[PDB]
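Residue-level listing of the chains:
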Amino acid sequence: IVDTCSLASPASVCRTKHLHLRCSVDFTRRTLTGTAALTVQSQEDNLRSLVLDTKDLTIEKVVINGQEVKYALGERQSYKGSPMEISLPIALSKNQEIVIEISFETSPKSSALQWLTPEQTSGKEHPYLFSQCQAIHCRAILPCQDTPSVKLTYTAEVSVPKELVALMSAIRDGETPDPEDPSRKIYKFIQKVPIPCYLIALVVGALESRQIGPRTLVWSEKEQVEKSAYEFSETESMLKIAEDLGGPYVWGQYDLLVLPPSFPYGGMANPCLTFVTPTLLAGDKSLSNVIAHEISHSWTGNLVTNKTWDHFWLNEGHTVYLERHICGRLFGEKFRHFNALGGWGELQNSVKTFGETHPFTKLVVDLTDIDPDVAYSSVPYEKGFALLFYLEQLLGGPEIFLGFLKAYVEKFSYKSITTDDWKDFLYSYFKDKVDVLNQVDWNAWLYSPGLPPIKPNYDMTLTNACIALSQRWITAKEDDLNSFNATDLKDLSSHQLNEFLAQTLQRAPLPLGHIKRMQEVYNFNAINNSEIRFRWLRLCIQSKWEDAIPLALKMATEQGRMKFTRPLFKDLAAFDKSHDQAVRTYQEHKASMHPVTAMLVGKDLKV
Ligand SMILES: CCCCC/C=C\C\C=C/C=C/C=C/[C@@H]1O[C@H]1CCCC(=O)O
Ligand SMILES: [Yb+3]
Ligand SMILES: [Yb+3]
Ligand SMILES: [Zn+2]
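About the thresholds
- Residues numbered from 1 in each chain as written, not as in the entry; some residues may be left out.
- Chains lettered and ligands numbered in written order.
- Heavy atoms only, no water.
- Helix = DSSP H or I, 4+ residues; strand = E, 2+ residues; numbered from the N terminus.
- Rg over C-alpha atoms; globule rule 2.2 N^0.38 Å.
- Buried < 20%, exposed > 50% of the residue type's maximum accessible area, 1.4 Å probe, protein only.
- Contact = heavy atoms within 4.5 Å.
- Near = heavy atom within 4 Å.
- Polar contact = N/O pair within 3.5 Å; in protein donor to acceptor, adjacent residues only side chain to side chain.
- Areas by Shrake-Rupley, 256 points an atom, 1.4 Å probe, with all protein chains shown as cover.
- Nonpolar A, V, L, I, M, F, W, Y, C, P; charged D, E, K, R; others polar.
- Expected span 1.5 Å × (residues − 1).
- Donors = N, O, S within 2.8 Å, 3.2 Å for Na, K, Ca; no water.
- Pairing = 2+ DSSP bridges.
- Axes fitted to C-alpha atoms, helices over the stretch in contact; angles between N-to-C directions.
- 1 Å grid on protein atoms, 1.4 Å probe; cavity = no way out; pocket = protein on both sides within 12 Å on 5 of 7 lines; lining within 4 Å.
- Points joined across faces, edges and corners; volume = space filled by probe spheres on them.

As recorded in the PDB header, X-ray crystallography is the method behind this entry, and the stated resolution is 1.501 Å.

Here's what the structure looks like:
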């Protein structure tokens, strides 16, 4: 199998075993400058050259054995960047190693990085930098085999201005005054667990920390530290549960970093330092499933890794499956089923958005000539979860299936695998139930578009109240509007309010008078919970309420989580009254946006 997203030599030719990164962060030039020393191991005889991935990097020189060697940058291939061929001065035989030290500088427009001016931060006095390498942006930081089929260890030394803090996806190895420049500090990092390069991460800013667990500090700007320490207090209890499900946590520390609002994702499971959106700071811990998700990647994704992005569902399906077991052990099995059924609803939404014949609704996808950022959706998460939940029910329940999950993690730890590796092992583990497994419509589940061929069984206990109320609103006539009342919500959790809105939004538009009555009785405008507010504002805009336009524009621009920003801009563009202001607002903000978000919103808006 080929990694169609990488231009570098494949793992069948050579493999990077280690990276030693020494670099310096320059906020005036918006550059990372330094050297990347790659220890590469040949997999064949007579290896005299190799190719690495790069994207908008300037190469100063390549040094092998103290001497500068020949190298060439090829033509750029759009989102994949430019291949970099390096001439080896010695021909390598099988399993021989060499160290290649590349001197590089990043472009200020690096798609892996967002550079924030002080005005874009909470404190307003210091700038800020953060990276996002998944899926294929590590090449926009440093030259590498930018494929998850290769795993390497790394150590890093990072020079920054002394009033700023640097963190990486690794164990902190101390800080010292920069010897060459007195005003800069050097932060050291060591990652002894082999990782794919998409898990390399860097942040630099005016960061403070608070300890919330024996192996967990929360990091953020001072303005958010207190709120963050409260919101994520459950982290250690989730880690303990995750260890019961997946086996030992091998990474040492589990720190959390709360990023600026422009962070594009809800979470990123960078090893030793999960990144999360500040839109999780709801004030009541109600969005902690995101933490459970990122914790679970410490097994499914970071330890057992998809060999190419075509098999991304392995990473996300299993992680959602573990996530929902963590929340089930914390809050009960009825809650696990509630979240599982909500996930099916999100799968319905994604299939409707793409269309039921669209190739991105397949579980195993073909990313040939497809930018992974453009294909990204909830399909791998929720179709993958649905497959595992269906299998759980088919094979005798959660205790039995969790036994498989732990064996799977143990079998493929530190490796990169394909859907066939997973399925072959499922059949090996469940030897005594092969007849049961052969009842699965594997072709449909793995390779057909649209909704899965069978829907799992879901407990309805907590969902029933959401259905009742959404149906009341969907079918309401004029003589029902006065009977709605704030008491309709008295026995609904925030999770049930969110699912009520999700169910109602599936049937939007509602009549405008109905939405106005909904605000009158429920005061959803006052809710700051980002998930609820998102769905509420989508419902209002899709239902043509002009008063919601400024609220939706504000939410779309004051944070940058793509889950929220992209649909809010798309809804505003589809509403005739807000279309021009949506486009103008995007044009005015795009220079200050995260580069990937700016690209995707521009595509969405057809600018
Ligand atoms: C669907 C085919 C595309 C293959 C992967 C392509 C792009 C993915 C790029 C970055 C992914 C970062 C994922 C971090 C943790 O699972 C994410 C939870 C946050 C998700 C959200 O707010 O929707
Ligand atoms: Yb320069
Ligand atoms: Yb096979
Ligand atoms: Zn994930």
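Chemist: Could you clarify how one ought to interpret the overall build of the chain in this entry?
Modeler: When you go through the chain residue by residue, the secondary structure sums to 19 helices and 22 strands. Scaling as 2.2 N^0.38, a compact globule of 607 residues should have a C-alpha radius of gyration of about 25 Å, and the chain matches this with 25 Å. Here the chain holds 607 residues, and the buried ones make up 60% of them. Put simply, 72% of the contacts in the chain that link residues at least 6 apart link residues at least 24 apart.

Chemist: I keep staring at the site of ligand 1 and nothing clicks. Help me out?
Modeler: Taken together, 18 residues form the shell around ligand 1, and within it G266, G267, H293, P372 and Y381 come nearest. In the environment of ligand 1, an oxygen atom lies 3.3 Å from a nitrogen or oxygen atom belonging to the side chain of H293. Here ligand 1 loses 91% of its free accessible area of 650 Å² to cover by the protein chains. When residues of the shell around ligand 1 are traced back to their parent elements, those giving at least two are strand 19 (267-268), helix 3 (289-296), helix 4 (312-331), helix 6 (372-375) and helix 7 (379-395). Residue composition of the shell around ligand 1, by class: nine nonpolar, five polar and four charged.

Chemist: Which parts of the structure should I look at to understand helix 4?
Modeler: Residues spaced three or four apart along an α-helix face the same direction, because each turn holds 3.6 residues. Over its 20 residues, helix 4 extends 28 Å from the first C-alpha to the last, a length consistent with the 28 Å expected when each residue adds 1.5 Å. Among the 20 residues in helix 4, 17 count as buried, and that is most of the element. The first or second residue beyond helix 4 is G332, which carries a positive phi of 115°.

Chemist: I would appreciate a short explanation of the coordination of the zinc ion (ligand 4) in the present structure.
Modeler: Tetrahedral coordination by four donors sets the ideal angle at the metal to 109.5 degrees; octahedral coordination by six donors sets it to 90 or 180 degrees. Coordination of the zinc ion (ligand 4) by the protein comes from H293 (NE2), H297 (NE2), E316 (OE) and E316 (OE), over a distance range of 2.0 to 2.7 Å. Each donor residue of the zinc ion (ligand 4) belongs to the same chain, with the gaps between them written as H-x3-H-x18-E. Linking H297 in the loop between helix 3 and strand 21 (304-306) with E316 in helix 4, this pair joins segments that are 19 residues apart in sequence. Each member of the pair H297 and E316 is classed as buried.

Chemist: What should I look at first to understand the sheet that holds strand 19 in this one?
Modeler: Picture the strands of a sheet paired through backbone hydrogen bonds; they go either parallel or antiparallel. Taking strand neighbours across the sheet as the criterion, the five strands line up as 16-17-18-20-19 in an open arrangement whose pairing is mixed. The open sheet terminates on both sides in strands that have one partner only, identified here as strand 16 (208-213) and strand 19. Looking at chain direction, strand 17 (residues 216-220) and strand 18 (residues 255-258) are connected through two bridges and run parallel. Counterpart to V218 in the pairing with strand 18 is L256. With respect to the sheet, helix 1 (residues 222-231) is in contact with strand 16, strand 17 and strand 18, its orientation differing from that of strand 16 by roughly 10°.

Chemist: Would you mind going over the side chain of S470 with me for this structure?
Modeler: For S470, the location among the structural elements is in helix 12 (residues 464-474). With near-sequence residues (within four places) excluded, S470 lies in contact with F500, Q503 and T504.

Chemist: I tried to follow unusual backbone geometry on my own but got confused; where do I start?
Modeler: Negative phi values dominate among residues other than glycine, just as trans dominates among peptide bonds. The omega torsion across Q134 and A135 is 0°, close enough to zero to call that bond cis. The residue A135 is located in the loop between strand 10 (128-131) and strand 11 (152-161) in this model. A508 connects to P509 through a cis peptide bond whose omega is 0°. In this fold, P509 is placed in the loop between helix 13 (494-505) and helix 14 (512-522). Positive phi is not limited to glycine here, since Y414 has a value of about 75°.

Chemist: Honestly, empty space enclosed by the protein in this entry has me stumped. Any pointers?
Modeler: One water molecule sets the probe size; rolling that probe over the atoms shows where empty space is left. Enumeration over the complete set of coordinates arrives at three cavities of 30 Å³ or more. Of the volumes computed, that of the largest cavity is approximately 80 Å³. Classifying every residue of the lining of the largest cavity by side-chain character gives 11 nonpolar, one polar and no charged. By volume, the second largest cavity amounts to about 40 Å³.

Chemist: How should the layout of surface pockets be read in this particular structure?
Modeler: Looking at the second largest pocket, its volume works out to about 1,000 Å³. Lining of the second largest pocket is provided by 40 residues; of these, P261, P278, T279, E558 and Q559 occupy positions nearest its centre. Put simply, the parts of the chain that give the lining of the second largest pocket at least two residues each are strand 9 (113-116), helix 1, helix 15 (530-542), helix 16 (549-558) and helix 17 (562-574). Element by element, the count of residues in the lining of the second largest pocket is highest for helix 16, at six residues. For the lining of the second largest pocket, the class distribution of residues is 14 nonpolar, 19 polar and seven charged.

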